[PDB]
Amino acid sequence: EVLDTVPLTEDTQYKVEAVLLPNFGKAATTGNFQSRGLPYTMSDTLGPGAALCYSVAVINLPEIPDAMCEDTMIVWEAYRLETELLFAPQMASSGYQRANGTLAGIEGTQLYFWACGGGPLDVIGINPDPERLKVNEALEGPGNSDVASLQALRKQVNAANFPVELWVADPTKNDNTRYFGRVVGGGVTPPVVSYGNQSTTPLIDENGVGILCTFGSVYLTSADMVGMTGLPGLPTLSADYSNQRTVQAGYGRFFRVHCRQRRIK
């Protein structure tokens, strides 16, 4: 039961910024912050350090004095955010394609994903080919379903080792989270990344209600796979160099989250 916002003052408003760093997770409890992974390989197995995992940040919010009074409590409500991907054009850094006599640049399959909620992101585990695709056991294994059935494995992203190839935001949950993702397929598809500091993203639902941070924190999740790359000053996009193809992630993803106070029953 959501009631009214507390009248706006300096004390009833709070904003916070964070930069989520790319994470080729190798462990649950600690991230591996690097914007390029280990070589991905042309194998049937996702390897730790090679596969891009979700990035997460949990940001504690200030205590609200006299929060509980009568049957109502006051909580922080995140009602708007700005987010931006940090990235530069890749030239000398990404190797050369002999067949086209030029720089290879970044290309291939992509994912651009962000979420903001009052708890960790609900996800579904899907193995696109449960018989043939293998997942190193240091990464969160998605179970045996290739479809998003009631039986598919469900978890929350509370750790550094959830590969983006295996875990999808769960639309049947995430009732107190907003999220947005874009996937691009193909192996040579060019990426297009835009950024700036004038755009903003509202977080309010149809009733004017944002994310209710009833656990005292705001939870951020992201993943930004820009494509694949070769190594600087070496050939790529040729059979002999497939063993060096590497995932290129964004340099980081900036968030600015705006909060106000909201009374709930």
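Just count from 1 along the sequence shown to find any residue number.
Trainee: Can you tell me whether 143-151 has a higher mean C-alpha B factor than 74-82 in this record, or the other way round?
Mentor: Comparing averages over the C-alpha atoms only gives 74-82.
Trainee: Read off the CA B-factors in the entry, average them over 175-183 and over 96-104, and name the higher stretch.
Mentor: Comparing 175-183 with 96-104, the higher average CA B-factor belongs to 96-104.
Trainee: Please pick out which of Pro39, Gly216, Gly227, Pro232 has the largest Cα B-factor as recorded in the entry.
Mentor: That would be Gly216, according to the entry.
Trainee: Please pick out which of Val209, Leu220, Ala223, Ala51 has the largest Cα B-factor as recorded in the entry.
Mentor: If I rank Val209, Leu220, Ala223, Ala51 by C-alpha B-factor, first place goes to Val209.
Trainee: If you rank the chain by CA B-factor, which third does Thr45 end up in: lowest, middle or highest?
Mentor: Tercile = middle for this residue's CA B-factor.
Trainee: What third of its chain's C-alpha B-factors does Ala249 belong to: lowest, middle or highest?
Mentor: It belongs to the lowest third of the chain when residues are ordered by C-alpha B-factor.
Trainee: Within this chain's modelled residues, let me know which third the CA B factor of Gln13 belongs to: lowest, middle or highest.
Mentor: It belongs to the highest third of the chain when residues are ordered by C-alpha B-factor.
Trainee: Which third of the chain holds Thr200 when residues are ordered by C-alpha B factor: lowest, middle or highest?
Mentor: It falls in the top third of the chain.
Trainee: Quick check on the deposited entry: does the C-alpha B-factor of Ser55 sit in the lowest, middle or highest third of its chain?
Mentor: Answer is lowest: the recorded C-alpha B-factor places it there.
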